[PDB]
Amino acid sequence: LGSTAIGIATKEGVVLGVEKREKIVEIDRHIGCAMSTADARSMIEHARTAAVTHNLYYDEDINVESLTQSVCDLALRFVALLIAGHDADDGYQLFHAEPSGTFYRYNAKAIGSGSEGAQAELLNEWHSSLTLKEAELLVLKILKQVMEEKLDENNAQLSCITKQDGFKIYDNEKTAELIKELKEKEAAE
C-alpha cells in the first residue's frame, strides 16, 4: 500500500513532490530522493556514505547514475525510490528504483497510490522544453488530481534540485504561493 510521489525532469531542475499524508530526503547536495518508509534509513545511510566517500576522495559530485547503481546493488543482494539529481555527465536525471533493485531512467514518473492515474497525465504533458516553474506547477496539479483530501501546503510537499542551488525542500511558503498560483492559473477558464 505505497504512497504518492512525483518527479518531473526539465532542462532547469528536477522536481520531487509527495503526499505528506518525512518522505523527501537529501542524499547529497546535488541529489535528493522521494519515497513511497523506515526500511529506508539503511539505503539512505548507504547512499549518503557512497556520495560522501566519492566526494571526499574526488572533490566533485558523484554521478547520479553511479549513486543509483550503488543503492540498487544493496537491494540486489536482498524501499521504492525516486532519485533525482544533477551531474556534469548527463545533466538533469531522474530514476525510479524498485524494491527489487532494478532501476530505470525517466523524465516524468509517479509511484504510489494514484500512480497509474498520474502517469497517464504525466505522459501526455511532459516535453523537453518545460521550464522548472511549469514542472513545479505540473507536479502540484497531478498531486491535487489524485489526492484523498484537498491540496494545501500541509499535506503535499515540493522540492527540487538545480545546477546552482543544489537540492532544496520547499518550505510551506514557496509551496503556499505555488498552490495558490495553480488556483489562479487554472481559473483562466
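Numbering starts at 1 and follows the sequence shown.
- Per the record, residue 36 and residue 37 are separated by 1 to 3 deposited residues that have no coordinates.
- According to the entry, the stretch of the deposited sequence that connects residue 78 to residue 79 contains 10 or more residues lacking coordinates, which leaves a long gap in the model.
- As recorded in the PDB entry, 139-147 is the stretch of 158-166 and 139-147 with the greater mean C-alpha temperature factor.
- Mean CA B-factor, 50-58 versus 148-156: the higher value falls on 148-156.
- The maximum CA B-factor among the listed residues 29, 127, 133, 41, taken from the PDB record, is found at 41.
- Compared with the other modelled residues of the chain, the Cα B-factor recorded for residue 117 ranks in the highest third.
- Split the chain's modelled residues into thirds by C-alpha temperature factor. Residue 25 is in the lowest one.
- When all modelled residues of the chain are sorted by CA temperature factor, residue 9 is found within the lowest third.
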